[PDB]
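Protein chains in written order, with the authors' numbering: chain R, 5 to 83; chain S, 8 to 53, 77 to 103; chain V, 10 to 60, 68 to 73, 79 to 93; chain A, 339 to 431, 450 to 531; chain H, 102 to 510, 530 to 683, 696 to 975; chain X, 1 to 47, 52 to 58, 61 to 76.
Cβ coordinates follow ideal geometry from the N, Cα and C atoms, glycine included.
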Amino acid sequence: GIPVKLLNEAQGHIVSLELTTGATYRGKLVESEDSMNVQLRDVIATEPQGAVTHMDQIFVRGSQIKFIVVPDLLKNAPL
Amino acid sequence: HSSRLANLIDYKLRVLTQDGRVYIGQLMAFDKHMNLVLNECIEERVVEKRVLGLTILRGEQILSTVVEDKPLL
Amino acid sequence: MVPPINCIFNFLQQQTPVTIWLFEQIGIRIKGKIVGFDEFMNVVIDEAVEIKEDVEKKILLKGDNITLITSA
Amino acid sequence: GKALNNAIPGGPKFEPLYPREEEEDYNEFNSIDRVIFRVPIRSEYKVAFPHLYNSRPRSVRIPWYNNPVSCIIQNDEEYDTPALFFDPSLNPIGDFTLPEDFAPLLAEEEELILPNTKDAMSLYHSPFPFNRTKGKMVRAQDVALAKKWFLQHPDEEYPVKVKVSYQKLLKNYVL
Amino acid sequence: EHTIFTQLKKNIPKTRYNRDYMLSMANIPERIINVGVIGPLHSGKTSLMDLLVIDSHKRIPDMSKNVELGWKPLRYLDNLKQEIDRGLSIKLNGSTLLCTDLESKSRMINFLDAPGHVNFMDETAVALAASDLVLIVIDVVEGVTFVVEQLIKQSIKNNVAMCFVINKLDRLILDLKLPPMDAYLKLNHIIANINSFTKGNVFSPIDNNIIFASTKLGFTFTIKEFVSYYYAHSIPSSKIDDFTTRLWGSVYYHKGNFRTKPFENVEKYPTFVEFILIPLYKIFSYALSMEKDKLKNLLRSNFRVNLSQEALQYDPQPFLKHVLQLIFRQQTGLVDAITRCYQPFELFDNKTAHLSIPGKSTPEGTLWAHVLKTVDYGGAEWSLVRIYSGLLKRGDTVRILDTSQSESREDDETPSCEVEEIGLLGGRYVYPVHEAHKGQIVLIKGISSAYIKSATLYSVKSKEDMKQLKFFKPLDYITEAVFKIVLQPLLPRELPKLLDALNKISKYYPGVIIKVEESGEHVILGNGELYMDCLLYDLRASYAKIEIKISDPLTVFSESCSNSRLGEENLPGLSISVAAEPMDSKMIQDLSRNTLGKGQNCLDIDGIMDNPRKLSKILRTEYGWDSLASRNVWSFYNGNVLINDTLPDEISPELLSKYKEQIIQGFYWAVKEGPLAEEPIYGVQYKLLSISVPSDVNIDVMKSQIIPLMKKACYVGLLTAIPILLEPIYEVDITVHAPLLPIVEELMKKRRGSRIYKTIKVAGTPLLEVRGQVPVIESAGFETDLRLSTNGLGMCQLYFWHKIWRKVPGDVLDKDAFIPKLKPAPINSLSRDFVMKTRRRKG
Amino acid sequence: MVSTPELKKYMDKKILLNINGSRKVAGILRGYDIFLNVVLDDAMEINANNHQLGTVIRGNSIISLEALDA
RNA sequence: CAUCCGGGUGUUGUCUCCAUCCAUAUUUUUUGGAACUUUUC
Ligand SMILES: Nc1nc2c(ncn2[C@@H]2O[C@H](COP(=O)(O)OP(=O)(O)OP(=O)(O)O)[C@@H](O)[C@H]2O)c(=O)[nH]1
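Okay, here's the thing in structure tokens:
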């Protein structure tokens, strides 16, 4: 399916996302999955409060993701 | 099936989510889980707006779908 | 290394006392010894106790509600 | 060979083309004490390496060097032996299952081999006329069935009379 | 800048993905990659690249109507007329390409077309110096041979990941017409053969380290590539992955269930043949043999493919190629397999570390560039460099260093050149670049002047950072030149042009050595006939426009001996006595093999900077070397080895220590030259037996006295130790049909050396592998003698590995033997004849 | 299905997990699952009162997994 | 430098023959951790 391949193609670029938690994470993406797992670096979190933090490495569960936000050149990619 | 869903492709859509937020933009790619990809997106939390760009939603998060405008040339 | 279901298999043989946490409820926990289990992570606890430290006194749990399984 | 006035033993030979072979100047670079002597330096070497042995080349073309060396097997006595037959020449040398119905896709048909096919494979390795099934018509005088025969070594058996003829035919072709 | 780009953009033939995404991708260090392509003659290399090129580009401008259809393989990267006309790749040309993979995540790939002719191994070495990993392409018919072993040995030695491609599979089926049962077996044998030379790792059509292809025809396979594409649709995904593990070796499925048992019941085959080879054969048989109407049904039935009548209206070969390219889609099986086969962390420290000392310090924020090959493009000479670190941009002022200088390792040290432009190679065009980033390989304008051959490029803003920085080691080319040509111009007045040209040739051809004699003659060394021929062509045509005289092909000789000294200073205060000794062939071989002493491998003497205890341990361990002698190893020469050996070493070691470098400098000086022909010395060990030193050394023991004195003593020692001449020898790799064997035997006899080390039936083909050895001085024309005497059948390659100089027959110093001029020397003496002709040239 | 996740690089290293109910745990990563069930040793709660325990965390619960030291 | 024997293409008029994408209720999406209350602006 194409909605997963687009993700794999944004590996390397910087990504923004939203979780069921309520917070948004922003960073370079290293690995993804068909599940929608993620592996990122130099993340800059921002919760409901506005509280910023730093997280060196992160793994996720896709189930917990609401939606992603992806770079603009990834609209000319082949489907 | 999914015959109807291909018909929606490349139309500006109004998508309500479980959070209440509503995303808007064209539809580029579609899934069996209802993962939608949307181009030039704008949330309307409510007298509010934000510019995102390319957004990939999950199936869990989506509630309803509705066409805003016809397919663009 | 140690896979997850092989780790739980040790808790059956040793008959070790294990406290179980719940999914969306931090206020509640459980206790007891492990007789048996299955592929879907359902558990048959023996001499199980509901834990303010209000210790209230053989049951079965659904695998959907667990979070932590901890030795002693 | 023409340009350099060095014909191959089989080959035709022309006049020089470049006139002057006059300068034969003894010199330190050249001198026989200084040189080391082994090997003929046969004319074939000169043609093969026109910019190595053959000092001062002019109007010389760069020669093709080496084709991959083709081991094709063609059978010319019994057609009965199949298309895919190991020849004398070649050197000696409890878990998961899926429905039976699924199988290799192409192999509904029992045998790859066709009576027609064996010839077809042979054709693949054939000359200009045959290996194309689409051709434009040409005149009778145009065709040169004769041509190939001179364009090949005479061979040892033939008497001088035909070997000369072979060279003469080549000369015309070359010019 | 923009104007330049706009003109430039028109020139290049555009592409489907576009530059912007390909340019966009670059920033991630992990994204993108570097890959080199090597393999023996005509293995397909260039055409493999051509496949990728034709996938990528819509136009293509160059293609004829003829070539696009079928018969003539289109050649890309053969942009040199010489190569085209010669017909074999000579100088490597990169292609850079944004490529997709099975996952659908594209990466930028730098591809390098290296030449597979044995004389241009230097080119392969240059490519390897930059590439992360290597694709090694083997002809299914040819199998593997000595050069393949050499290639894999070096590749792994330098921690270059290796992925195999078995090419020309169609030939196995169409040329040899092998049965499927036997075809599999043959492939398996080949697979086995590669594995035995490899150590610590084991491939298999199931690890996806081996790819099956026909470049000519137009297809590439991995067992993964196939399963997903056609089988995968048929069956549940969970199960399928396993299918591949149950596909290779010893597995047969009877009817839904497959049992490792041989084939019980009736008709039987192992799976590879069942689901792969058989249908492949059917494709071949079916397309040529079958009525064109019949075929359509199968395409829709088996493949869901629909051809127009114009696709039928071709001919067997062009039709077949169309069909194979139709069915088997873009070569992403290849790309995907490459992608998931290399781990940066495992190799990378190791590969960087070997070129440079392990370190490492001041990582990041710093520019670093390795310059390997230089490129004679349409305009000027470009410099090819690997983005080791940081970022380059136009007009950037960059410091440049050359390795021999580096060998050596503040004000005066740093020359610099601004970087005028950076372009990205694409075979026949260059794509304009504003900036270059770490990972990628690029074309630089204007960095050329600083360096001949290799150089290391760095920018350092830090004094400690500068101190840390380690210069790249000189590239170690696979072979030594040996072949010797003497040049003079036809007209002496044109010398200046020749001189310029020779320097240019050194820049462009990394294996060439140009030396200048007293006489003004130019000694050129090159690897072999063809190599030198190409040099001469370019020299006369491309660079100089001067017609020149060329001599009679010779060879460099080496000096040696087989078993006391007295000596006197020009101002008789010093007196030197040094023993000269034959060395153990084992020792010699150990020295010739450039190594770190890894695994169980005897330590290379260039590891001498490690504790002498360790060095001596190796000598004692591997040779039973005398414990004093091992402890007294001073250094190696420019070649062999120096030992201290006398009571005065105990009497006045401090005094002696003061004179080591003067000795040390001299010895390289003295051994680099020689007493017979001013040529370098091999297999000789020297031992200082006595050294008298001037009373009260009133600045008396000067370098002016002892350096030449030492030199003299060496020469005397060699002479009295009974000197000999050594001659370099090639390894002759000959491929022939069996009945042509006797011919080959006679040729060997006739040449001089007449030595064949081995004869091996090439299992699976009607061919022999013949290994011999041949004296380079008797090699002139050897290859053509073979080709002609076998009537075009079979072929030869000469490769210098092991670099062993055999004793030249005759006694080094006897007057009597030789016979008059113009006569090949009698066998008893080739040593005496060799010296005099060389002696005269020296003076 | 059942894509066995890329947790090989975290094995035998310290972690900072987060779970449902805003509760989090430190531990040495011993083993992992298809469904991302985890085995942690030397488990310490983060209430800020840190209690040593000695643990198998469920897959569903997991929100994320971090690394303390690079 | 020319001649000579041939070839292709377009166009214009003619002639003959013929027609006018898989099926999963038990942990990463479609058989729910949901439900409910209250305070602040
Ligand atoms: N029969 C057959 N020959 C092939 C195939 N692929 C490549 N070749 C051989 O490869 C030759 C042309 O390939 P090139 O790429 O030009 O040669 P190359 O491999 O670059 O050789 P170098 O330039 O010396 O490396 C032809 O003469 C073929 O014999 C194939 O699929 N079938």
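Any heavy atom of ligand 1 within a distance shorter than 7 Å of the CB on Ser148 (chain H)?
For ligand 1, at least one heavy atom lies less than 7 Å from the Cβ of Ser148 (chain H).
Which bits of chain R does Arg88 (chain S) rub up against, with CB to CB less than 8 Å?
Near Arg88 (chain S) (Cβ distances below 8 Å), the residues of chain R are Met40, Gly66, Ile69, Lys70, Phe71.
Smallest Cα separation from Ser408 (chain A): which of H:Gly466, H:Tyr489, H:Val241?
Here the closest residue by C-alpha is H:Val241.
Using a Cβ cut-off of 7 Å, pull out every chain X residue sitting near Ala93 (chain V), in sequence order please.
By Cβ distance, chain X contributes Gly58.
If we cut at 8 Å on Cβ distances, does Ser390 (chain H) have a partner in chain R?
No, because no Cβ of chain R sits closer than 8 Å to the Cβ of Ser390 (chain H).
Can you tell me whether DSSP reads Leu170 (chain H) as helix, strand or coil?
Reduced to three states, the DSSP call for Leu170 (chain H) is helix.
Do you know how far the Cα of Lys287 (chain H) is from the Cα of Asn268 (chain H)?
One C-alpha to the other measures close to 13 Å.
Is the distance from the Cβ of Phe429 (chain H) to the Cβ of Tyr285 (chain H) below 8 Å?
Cβ atoms of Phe429 (chain H) and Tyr285 (chain H): not closer than 8 Å.
Where does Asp343 (chain H) fall in DSSP's three states?
DSSP places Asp343 (chain H) in helix when its eight states are reduced to three.
Pick from H:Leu899, H:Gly904, H:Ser190, H:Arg919: whose alpha carbon is nearest that of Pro430 (chain A)?
Comparing Cα positions, the closest option is H:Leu899.
Could you check the C-alpha separation between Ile737 (chain H) and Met834 (chain H) for me, to the nearest Å?
If you take the alpha carbons of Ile737 (chain H) and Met834 (chain H), they lie about 29 Å apart.
Taking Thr107 (chain H) as the reference, which of H:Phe376, H:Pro552, H:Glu701 has the closest Cα?
Among H:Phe376, H:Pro552, H:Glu701, the Cα nearest to that of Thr107 (chain H) is on H:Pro552.
For the region 563-602 of chain H, list the alpha helix (DSSP H) runs that are entirely contained and at least 4 residues long, ordered along the chain.
Runs of the alpha helix (DSSP H) inside the region 563-602 of chain H: 583-588.
In its own chain, which residues sit with a C-beta less than 7 Å from the C-beta of residue 437 (chain A), not counting the 5 before and 5 after it?
Not modelled: residue 437 (chain A), which lies between 431 and 450, the two residues flanking a gap in chain A.
On the three-state DSSP scale, how would you describe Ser789 (chain H)?
It is helical.
Since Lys527 (chain A) is in the alpha helix (DSSP H), which residue starts that stretch and which ends it?
From DSSP, the alpha helix (DSSP H) with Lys527 (chain A) extends over 516-530.
Tell me whether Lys278 (chain H) counts as near ligand 1, meaning its Cβ is closer than 7 Å to at least one heavy atom of that ligand.
No, since every heavy atom of ligand 1 falls outside the 7 Å radius drawn around the Cβ of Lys278 (chain H).
Can you list the residues of chain S that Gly16 (chain R) reaches, using a CB-CB cut of under 8 Å?
Residues of chain S passing the Cβ test: none, with the nearest at roughly 15 Å.
Alpha carbon to alpha carbon, how far is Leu470 (chain A) from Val42 (chain R)? Give it in angstroms, no decimals.
When rounded, the distance between both Cα atoms is 55 Å.
Tell me, please, whether the CB atom of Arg495 (chain A) is closer than 8 Å to any CB atom in chain H?
No - not a single Cβ of chain H is within 8 Å of the one on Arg495 (chain A).
Name the chain V residues whose beta carbon is nearer than 7 Å to that of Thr61 (chain X)?
Within 7 Å Cβ-Cβ: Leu89, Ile90, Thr91.
Skipping 5 residues on each side, what residues in its chain have a beta carbon closer than 7 Å to that of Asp33 (chain X)?
Around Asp33 (chain X): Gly65.
The alpha helix (DSSP H) spanning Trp469 (chain H) covers which residue range?
It is not in any alpha helix (DSSP H) - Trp469 (chain H) instead sits in the beta strand (DSSP E) that spans 469-477.
Nearest CA to the CA of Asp946 (chain H): which residue from H:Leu857, H:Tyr382, H:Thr897?
It is H:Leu857 whose Cα lies nearest to the Cα of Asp946 (chain H).
According to DSSP, is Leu389 (chain H) helix, strand or coil?
Of the three classes helix, strand and coil, the one that applies to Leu389 (chain H) here is helix, per DSSP.
What residues are listed by DSSP as bridge partners for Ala661 (chain H)?
According to DSSP, which records beta bridges pairwise, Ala661 (chain H) is partnered with nothing at all.
With DSSP as the reference, label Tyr177 (chain H) as helix, strand or coil.
Note: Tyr177 (chain H) maps to coil in three-state DSSP.
Say whether chain H places a C-beta atom closer than 8 Å to the C-beta of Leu77 (chain R).
With 8 Å as the cut-off, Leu77 (chain R) counts as an interface residue toward chain H.
Looking at the structure shown, is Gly41 (chain V) part of a helix, part of a strand, or coil, going by DSSP?
DSSP places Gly41 (chain V) in coil when its eight states are reduced to three.
Can you tell me whether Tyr629 (chain H) is helix, strand or coil according to DSSP?
Coil, per DSSP.
Taking CB distances under 8 Å as the criterion, tell me whether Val97 (chain S) reaches chain R.
So no, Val97 (chain S) is outside the interface.
Along the chain, where does the alpha helix (DSSP H) that runs through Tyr489 (chain H) open and close?
Taken as a continuous stretch (DSSP letters only), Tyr489 (chain H) belongs to no alpha helix (DSSP H), being part of the beta strand (DSSP E) at 482-490.
Please report the straight-line C-alpha distance between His934 (chain H) and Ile605 (chain H), rounded to a whole angstrom.
Each residue's Cα considered, the two are about 23 Å apart.
Quick check: the Cα distance between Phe367 (chain A) and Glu641 (chain H), rounded to an integer number of angstroms?
Near 8 Å, if we compare the C-alpha coordinates of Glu641 (chain H) and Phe367 (chain A).
Below 8 Å between beta carbons is the criterion; list the residues of the region 31-44 of chain S that meet it against any residue of chain R, in chain order.
Hits within the stretch, in order: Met35, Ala36, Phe37, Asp38, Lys39, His40, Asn42, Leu43, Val44.
Touching or not, the region 456-466 of chain H and the region 474-482 of chain H, by the rule of three or more beta carbon pairs under 8 Å?
Too few Cβ pairs lie closer than 8 Å, so no.
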